[PDB]
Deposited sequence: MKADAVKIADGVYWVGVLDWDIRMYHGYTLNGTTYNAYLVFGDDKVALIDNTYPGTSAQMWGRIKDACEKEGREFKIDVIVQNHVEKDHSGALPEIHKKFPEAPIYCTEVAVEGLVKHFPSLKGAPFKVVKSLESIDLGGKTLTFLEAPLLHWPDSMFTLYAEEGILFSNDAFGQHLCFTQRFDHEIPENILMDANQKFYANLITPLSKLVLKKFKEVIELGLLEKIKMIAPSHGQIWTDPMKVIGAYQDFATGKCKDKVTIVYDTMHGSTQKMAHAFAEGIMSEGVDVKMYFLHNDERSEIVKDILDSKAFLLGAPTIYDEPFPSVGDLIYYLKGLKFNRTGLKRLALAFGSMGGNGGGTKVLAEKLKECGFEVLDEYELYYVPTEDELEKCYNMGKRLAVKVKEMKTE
């Protein structure tokens, strides 16, 4: 396939893949993504940093051939860099190794085992283990490896301060534009917020630790393994610092499910009370919405509301999927215990709301109240929802 490489610095090219058609990746919705791979041309050696998903190498090979042609060099890779084991960045490693068998493969110690487990043809490949720190001179260009998850590492092109961070600072976006400044800021920052919410939230304590143990001024560009390349590294570093420390807006994310609309009516009434205080509201209906967009909004919300009816003594089963996700994400690790209210309608003994409150506490939320009612809410019951929402909104505005 004929595909053009994109020059990002003198002798440095983006030779990645545009996955236009993917809509879902590990239960994270998207409108396509990119598998960013980079080609570094040293005076003596040519290095390929990461690659792409199995079966999507056609664009990558085309761009590698195009970059080599533009540089007046032969179609050849001398050094292979594998910052991560995950198949979206290592899927083409067996074919890259088969084509250039003498090119050493730079990766972490644990990554050798993971790579061979994914691709048995790599047994006996020339792996060059990176233990904490390792450097390679390509002739006028130096690549320094920083072992960071154990399977991962960062690659720094030292002379120009270009950090190949792999997943970190990534965003799932698929555009013809390669840089951060070429797309609308809102699209970039919202995609960055979604990527942090779904993939970095449980690592928030480490993000804070690493940042303090690195203060960063030398980083001129952040080239991640997904989406846009940051020509303004401080913009994403700053965003990460805010998310990791729990800097939120006067906003509440309301999530609910319903069978006959009573819990839905309660959710809308809570929102009215919150809005009367000028606090922002994001409303999610589990029958139509999904977990990745919900957690993106929870990330900068000072409060979270969860409602569901009772069905055979348990809350409606859809809450189970979000609860399991929140249990893995650990939002309390951002250093903030977001406020929460549990609610729902019931027709007999109830119990769904009590289960919700208990699970919200386990997920790191500060549960302030619970509100369970019988069948259809009356006007007075809806006013109670409004009053509870209003009081919560007052508390949200009072939080640091």
Would you list the gaps, meaning deposited-sequence stretches without C-alpha coordinates, in the order they occur?
149 to 152, 220 to 223, 409 to 410
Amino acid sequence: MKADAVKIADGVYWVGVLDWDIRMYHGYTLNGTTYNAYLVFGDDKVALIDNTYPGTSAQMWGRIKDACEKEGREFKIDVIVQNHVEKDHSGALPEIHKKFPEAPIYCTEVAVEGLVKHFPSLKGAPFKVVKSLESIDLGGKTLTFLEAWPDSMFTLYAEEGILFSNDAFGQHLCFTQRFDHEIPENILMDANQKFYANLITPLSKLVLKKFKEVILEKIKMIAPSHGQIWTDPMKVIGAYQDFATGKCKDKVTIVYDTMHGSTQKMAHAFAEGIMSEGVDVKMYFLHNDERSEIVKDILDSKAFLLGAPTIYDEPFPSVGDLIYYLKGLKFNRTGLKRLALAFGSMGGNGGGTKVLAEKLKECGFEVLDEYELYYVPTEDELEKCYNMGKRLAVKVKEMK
From here on, numbers count along this sequence of modelled residues.
Tell me which stretch has the larger mean Cα B-factor in this entry, 169 to 177 or 204 to 212.
204 to 212
Do the C-alpha atoms of 42 to 50 or of 332 to 340 have the higher average B factor in the entry?
332 to 340
Reading the B-factor column of the entry, which of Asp88, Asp242, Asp321, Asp257 has the highest value at its C-alpha atom?
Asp242
Just to confirm, going by the entry's C-alpha B-factors, which of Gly307, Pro317, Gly227, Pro150 comes out highest?
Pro150
Position of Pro233 among the chain's modelled residues by C-alpha B-factor, lowest, middle or highest third:
highest
For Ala5, the third of its chain by CA B-factor is the lowest
Ranked by Cα temperature factor within the chain, is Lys70 in the lowest third, the middle third or the highest third?
highest
Once the chain's modelled residues are ordered by C-alpha B factor and cut into thirds, is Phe164 in the lowest, middle or highest one?
lowest
Going by the CA temperature factor in the PDB record, which third of the chain does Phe127 belong to: lowest, middle or highest?
middle
